[PDB]
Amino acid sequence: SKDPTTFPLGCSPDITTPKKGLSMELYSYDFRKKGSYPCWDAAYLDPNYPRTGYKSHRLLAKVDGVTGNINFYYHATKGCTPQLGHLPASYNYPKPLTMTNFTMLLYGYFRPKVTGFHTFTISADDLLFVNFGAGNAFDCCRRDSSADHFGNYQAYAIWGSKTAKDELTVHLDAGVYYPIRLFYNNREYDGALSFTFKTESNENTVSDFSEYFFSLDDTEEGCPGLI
């Protein structure tokens, strides 16, 4: 089912070794033409922007192995102006980009260490939309066939809105691989992404996803959760 749920379905990959990290695609996000009021494009809030609209902009990069702490804060000096910066080393992308104005998609799997409830907390400047679970994000080792068919967001944050931070609480089983999709945009000026979680079992905040994000190969058979 594509609908978001407190009890998401996960995946059981075969022997082939999971690879560390998420995959990432970077895209352009231009300003409006000189003198427009305001200067930033509102396309990022088109209902279909996270599904199809982004693909009409320019592909910048496709990277594998994104893991570790994926949080960032980029400080711009000027409005209405493309300015260069770098993502943190965790993104495995060693080129500058226009950090003031870009779109980023990350996808893969989250593998828990604890069976029980997890609460992920997110915030972003400007936008972070999260899908989580088989079907809601994509299907088990069948990402290519289902990548565009994700469901209602499990959580979302939009800078400047009444929902500028959000939480998602899900019950998960240790060692199972859960499809995840993170879609981020910066429209102008500063950018920021925060993505962390806690489990109901203790007070520790987890922000380093070294032990938790993996990529699995698609297969003809699929790898549906057997638990």
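Counting begins at 1, following the sequence as shown.
Q: Which has the higher mean CA temperature factor in the PDB entry, 40 to 48 or 180 to 188?
A: It is 40 to 48 that shows the higher mean C-alpha B-factor.
Q: Mind pulling up the entry and telling me whether 15 to 23 or 199 to 207 has the higher mean Cα temperature factor?
A: Looking at the record's C-alpha B-factors, the answer is 199 to 207.
Q: Maximum C-alpha temperature factor per the entry, among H86, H75, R111, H149, belongs to which one?
A: That would be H149, according to the entry.
Q: Quick one: which of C80, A137, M99, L127 shows the highest Cα temperature factor in the PDB entry?
A: Checking the PDB record, the top C-alpha B-factor among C80, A137, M99, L127 is at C80.
Q: Taking the entry's C-alpha B-factors for this chain, is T163 in the lowest, middle or highest third?
A: Ranked within chain, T163 CA B lands in the highest tercile.
Q: Using the B-factors in the PDB entry, rank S194's C-alpha atom against the chain and give the third, lowest, middle or highest.
A: Lowest third - that is where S194 ends up once the chain's C-alpha B-factors are sorted.
Q: Quick check on the deposited entry: does the C-alpha B-factor of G68 sit in the lowest, middle or highest third of its chain?
A: Middle third by C-alpha B-factor.
Q: Is the Cα B-factor recorded for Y153 in the lowest, middle or highest third of its chain?
A: It belongs to the highest third of the chain when residues are ordered by C-alpha B-factor.
Q: By the recorded C-alpha temperature factor, relative to the other modelled residues in its chain, which third is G53 in?
A: It falls in the middle third of the chain.
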